[PDB]
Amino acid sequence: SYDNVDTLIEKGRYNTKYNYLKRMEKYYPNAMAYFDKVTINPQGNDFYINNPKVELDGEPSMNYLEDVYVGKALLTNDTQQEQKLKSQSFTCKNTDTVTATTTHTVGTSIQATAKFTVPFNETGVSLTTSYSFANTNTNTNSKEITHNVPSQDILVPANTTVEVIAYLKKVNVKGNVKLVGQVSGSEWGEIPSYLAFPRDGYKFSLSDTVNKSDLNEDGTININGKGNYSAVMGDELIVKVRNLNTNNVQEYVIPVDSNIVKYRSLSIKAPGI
């Protein structure tokens, strides 16, 4: 259980080149001193990260960022009794975005990717990016959403005008992910024959660079990288209605009903009932 730079672990080439000169120490006593005059030429691998998944390192933090104005309406009840009065429908085209960086890669050597869906729906519109395990990429996805607020029925007391403001709250969800998976496989190369020294075909596994305890059953080895994200997305649609005689304001959420969000038609009471 546990490991973070595939690249540092692949320096178990160091093992092949050392043990190599160690045999040669019998044939010539100054063997170790030739450490860098002897080149070691990689020629391939089947290195692979299995079941790459991104997951939440910590809980997400959420801030209510801004409110988007969506619409306005005066509704006028010049009657001696209370009336149901209909507001107009609105359309807001608003964009939900997320941007996602890899902060600590998992080594550079082996490529991998994994989708991550933003842990905040609240509208019916999900949002996904991905992370690259092996370089520090900033990827950015997004989605235009059209919120269709239909007419609302608003009870308005007698001799009251009423101001109706509608707005879409936005929320900014930030957090830290960990990139994880189970690395397998081997490299094969050659320590080419130098002067008196013999050629040496090699093949090391990554299993054999750590410890049989750290290693799993199935033979792979766990890796972790780091990554952050920051998304901005719609939350509730609010309708605030204000009675222009008393100036009291009452607040209402208009609930939800591709990339088109339709909202319920509600009947709601203005302050003064």
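In this text, residue numbers run from 1 along the sequence as written.
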item	value
Unresolved deposited residues lying between neighbours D257 and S258	4 to 9
217-225 or 239-247, whichever carries the higher mean Cα B-factor	217-225
Of 60-68 and 207-215, the stretch whose C-alpha atoms average the higher B-factor in the entry	207-215
Chain thirds of CA B-factor: placement of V54	middle
Third of chain Cα B-factors occupied by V253	lowest
Within-chain third of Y194 by Cα B-factor, per the entry	highest
Third of chain Cα B-factors occupied by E122	middle
B-factor third for the C-alpha atom of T136 within its chain	lowest
